[PDB]
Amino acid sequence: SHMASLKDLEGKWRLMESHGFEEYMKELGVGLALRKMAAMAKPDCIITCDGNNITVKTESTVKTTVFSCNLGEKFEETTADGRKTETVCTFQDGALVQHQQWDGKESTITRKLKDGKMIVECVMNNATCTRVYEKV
């Protein structure tokens, strides 16, 4: 037996390692010059959790992006790379699943605790960005 809750994601996370970020952004339609520079950005991720209410804050020291939703409700997101998406967050199988849709396409961000590190997987089509965060 084991248990994972939404609440266990709540907190301040620092990027420790990243793989596939650029190939992922090549999928989302980001330009060659734009994605090579973004791969160097190491933003913190601050998550807060109330009921089925979550806030997900990307904090780079210079720019703040923030989203807020009730799980299960579709809402308008404007993303760091500038997509106008329709997102739905849900929590199942121990993972916050963030489902993005825009212009007939789709992308999934999954955040899940493993050994106390937050593992974040961003999938679009064939491309995968796996990243590891440490509590701060």
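Sequential numbering from 1, following the sequence displayed.
- The PDB entry records a higher mean C-alpha B factor for 72 to 80 than for its counterpart among 72 to 80 and 90 to 98.
- Stretch comparison (46 to 54 versus 26 to 34) by mean CA B-factor in the PDB entry places 26 to 34 on top.
- When the C-alpha B factors of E10, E17, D115, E121 are read from the deposited coordinates, the top value falls at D115.
- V62: CA B factor in the highest third of modelled residues in this chain (values from the PDB entry).
- Ranked by C-alpha B-factor against the other modelled residues of its chain, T110 falls in the lowest third.
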